[PDB]
């Protein structure tokens, strides 16, 4: 009989679901509770996880025929990887499908803070056109951008802000060579503190690890300029959200723009919603039609590979492959 696939959340483009349905039977859940996942996972061979939905260890353990878990994008913080590896279940992500889209969105957010764009749009529409008399937009030319995490997106962001705006770009990333920054005109710094002291804009593009977990706390905001801005499009847990709220109240920084949150989705009464110079979007930086199509096709094709016994291109737990063999033959 045809294998079953569980979609914990739809894909961002249904070209991926169409591909899955060529050879599997799928069931789609919509923001399901842990029990709904436990009911629907028992006989599936493949699972797709739309961020920020979570797949805990207890759910993976009930799935006796599971072969592969696919995430919606790069991040895997909603998968229990240890549990999958213990069971011989292959975990794949879909990286670098939204690189252009997030760099565009980050540039848009950097520019919107500098020009107070949403605040000013709200002022004109309410009748306070004459707020212009006390407004002083920032000219981005020759200001300094600090990139934390110089990977696919961070490097593109450094490239664009150079070409588009004439900004000086500094980067902090211990795991990449200095030459990677020079190629796009940036300077790789060994000391994050230097980047924090020199930057007028600080943009986050790291992977979420135990080192980047809550990297940006009150200690780090104290080191940034009072005039400076934070932008986070990477992961919510990189920023202590409670510390960010204190930092804004105490004028440690001037504002921020966030596409990611912790917890995500954010609560209805999040105190960040009442702050001057705060710009939010609901994890849409990497969700353009182009990026959604590419990541959907990628996730669907990888799920099909593992069902066939074929090694996929984006295994994140390759040490689990032999135990997968053990169970798949």
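Residue numbers count along the first chain shown, from 1.
- The mean C-alpha temperature factor is higher for 19-27 when 19-27 and 313-321 are set side by side.
- Of the two stretches examined, 36-44 and 287-295, the record assigns the greater average C-alpha temperature factor to 36-44.
- Across 93, 233, 136, 250, the entry's maximum B-factor at the CA atom is seen for 136.
- The top Cα temperature factor in the record, among 207, 86, 259, 200, falls on 86.
- Residue 54: CA B factor in the highest third of modelled residues in this chain (values from the PDB entry).
- The entry lists a Cα temperature factor for residue 191 that places it in the highest third of the chain's modelled residues.
- Residue-level temperature factors show residue 243 in the middle third of its chain, judged at the C-alpha atom.
- Among all modelled residues in its chain, residue 266 ranks in the middle third by Cα B-factor.
- When all modelled residues of the chain are sorted by CA temperature factor, residue 153 is found within the lowest third.
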